[PDB]
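Participant: Encoded as structure tokens, here's the structure I'll be asking about.
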Amino acid sequence: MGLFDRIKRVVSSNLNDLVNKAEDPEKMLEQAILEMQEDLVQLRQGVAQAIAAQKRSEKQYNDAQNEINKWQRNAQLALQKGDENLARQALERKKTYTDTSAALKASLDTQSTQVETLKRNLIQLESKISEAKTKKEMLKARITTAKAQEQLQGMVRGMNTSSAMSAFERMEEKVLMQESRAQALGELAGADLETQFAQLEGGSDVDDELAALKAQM
Amino acid sequence: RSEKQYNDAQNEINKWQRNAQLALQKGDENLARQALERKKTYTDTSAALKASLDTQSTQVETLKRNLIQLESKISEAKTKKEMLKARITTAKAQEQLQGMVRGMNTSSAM
């Protein structure tokens, strides 16, 4: 058991590197965004359920409030045309209705309080997804730039990592060597001393003539 | 695209402030409260988005500079190519100078 663990760790490292070779940032950076949005959808549906529950609760509040006044008006009618007992019954019912309405509003308040937090959380979700979507577009351009920035960095005369400039440097070297050979075929001939001696006298003639002509003028 | 989104958010912030104006004129306090609450979130979003637009511009600056350097290097290489072509065509016959000396027989013409 102290050896099978090691074997399985080695196998797992093999497989994990075999996979991490396949991952490609350009497509993964978009699949991640896709899944994030797909989950935001379900969160939205949950918030929708919560708000619907709140709406139903407030509708019940409204119905109870309406019936309270309905029974008060019917007590009015009873007292007008009926007797004291009928008004007593109507008022007794209206009391229970008012109690129910107050008790229900007491909870409607907290329901609204909770819905507020839910909506705020959803807003934060949307902001985070937007930021991630911006970063995706930034990094895609970074990728497409770095994929060829090597073709700047190979421009230096030293490194041969860019065959495009390597086959240029080698050709330049070959041409320079060819010209050097053709020229040195002269110093082999022995004309270098003759050229040096001739130029030791001919070099300053132009300057001397210019100076003399300036003096004359 | 990022800066366009910034502009849209900035526009809608003022739109909601104006609608709060209208609510306070004709409506009630709760409507203005709702409008201001929405405008707060819009302003927060706009500021957060500009915070990243800044760095995006910073990166684009470096990218453009690198491209400029690329173009300069290619121009220099293109100049060297034309220099070395003439060097080649000269050295291909400079042997017909160097054979002119009385000693070497490498030039059958002389």
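Participant: Please determine whether any residue of region A:140-154 is of a type in the set (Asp, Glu) and touching a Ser or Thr at 6+ places or on another chain (Cβ under 8 Å).
Facilitator: Yes, region A:140-154 contains a residue that is of a type in the set (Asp, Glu) and touching a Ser or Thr at 6+ places or on another chain (Cβ under 8 Å).
Participant: Of all residues in region A:150-169, count the ones that are more than 13 Å from residue B:63 (Cα to Cα) and in a helix (DSSP H, G or I).
Facilitator: Counting residues in region A:150-169 that are more than 13 Å from residue B:63 (Cα to Cα) and in a helix (DSSP H, G or I) gives 10.
Participant: State whether the residues of region B:55-68 include one that is in contact (Cβ under 8 Å) with a residue 12 or more places away in the chain and within 15 Å of residue A:130 (Cβ to Cβ).
Facilitator: Checking region B:55-68: at least one residue is in contact (Cβ under 8 Å) with a residue 12 or more places away in the chain and within 15 Å of residue A:130 (Cβ to Cβ).
Participant: State whether one or more residues within region A:152-171 are at the interface with chain B (Cβ under 8 Å from one of its Cβ atoms), more than 25 Å from residue B:87 (Cα to Cα), free of Cβ contacts under 8 Å to residues at least 12 places away in the same chain and touching a helix residue (DSSP H, G or I) at 6+ places or on another chain (Cβ under 7 Å).
Facilitator: Within region A:152-171, one or more residues are at the interface with chain B (Cβ under 8 Å from one of its Cβ atoms), more than 25 Å from residue B:87 (Cα to Cα), free of Cβ contacts under 8 Å to residues at least 12 places away in the same chain and touching a helix residue (DSSP H, G or I) at 6+ places or on another chain (Cβ under 7 Å).
Participant: Of the numbered conditions (1) more than 24 Å from residue A:119 (Cα to Cα); (2) touching a residue at least 24 places away in the same chain (Cβ under 8 Å), residue B:85 fails exactly one; give the number of that condition.
Facilitator: Result: residue B:85 fails condition (2) only.
Participant: It is to be established whether one or more residues within region B:46-66 are loosely packed, with under 15 Cβ neighbours inside 10 Å and outside any helix (DSSP H, G or I).
Facilitator: no
Participant: Looking only at residues that are of a type in the set (S, T, N, Q) and exposed (fewer than 14 other Cβ atoms within 10 Å of the Cβ) in region B:83-110, which one is farthest from residue A:189 (Cα to Cα)?
Facilitator: B:89
Participant: In region A:172-203, how many are over 19 Å from residue B:94 (Cβ atoms) and surrounded by 11 or more Cβ atoms within 10 Å (Cβ to Cβ)?
Facilitator: Selection size over region A:172-203: 1.
Participant: Looking at A:140, A:147, A:119, A:133, which one is farther than 25 Å from residue B:3 by Cα, in a helix (DSSP H, G or I), of a type in the set (D, E, K, R) and in contact (Cβ under 8 Å) with a residue 40 or more places away in the chain?
Facilitator: Going through A:140, A:147, A:119, A:133 in turn, just one is farther than 25 Å from residue B:3 by Cα, in a helix (DSSP H, G or I), of a type in the set (D, E, K, R) and in contact (Cβ under 8 Å) with a residue 40 or more places away in the chain: A:119.
Participant: For region A:91-116, give me each residue that is without any contact (Cβ under 8 Å) to a residue 24 or more places away in the chain and away from chain B (no Cβ under 13 Å).
Facilitator: A:91, A:92, A:93, A:95, A:96, A:99, A:102, A:103, A:106, A:109, A:110, A:113, listed by residue number.
Participant: Does residue B:79 fit the bill of being hydroxyl-bearing (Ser, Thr, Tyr), over 18 Å from the mean Cα position of the chain (by Cα) and surrounded by fewer than 11 Cβ atoms within 10 Å (Cβ to Cβ)?
Facilitator: yes
No value in this document is a laboratory result; all are computed from the given coordinates. Here the Cβ is made from the backbone with ideal geometry for all residues, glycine too, and neighbour counts use every protein chain on show.
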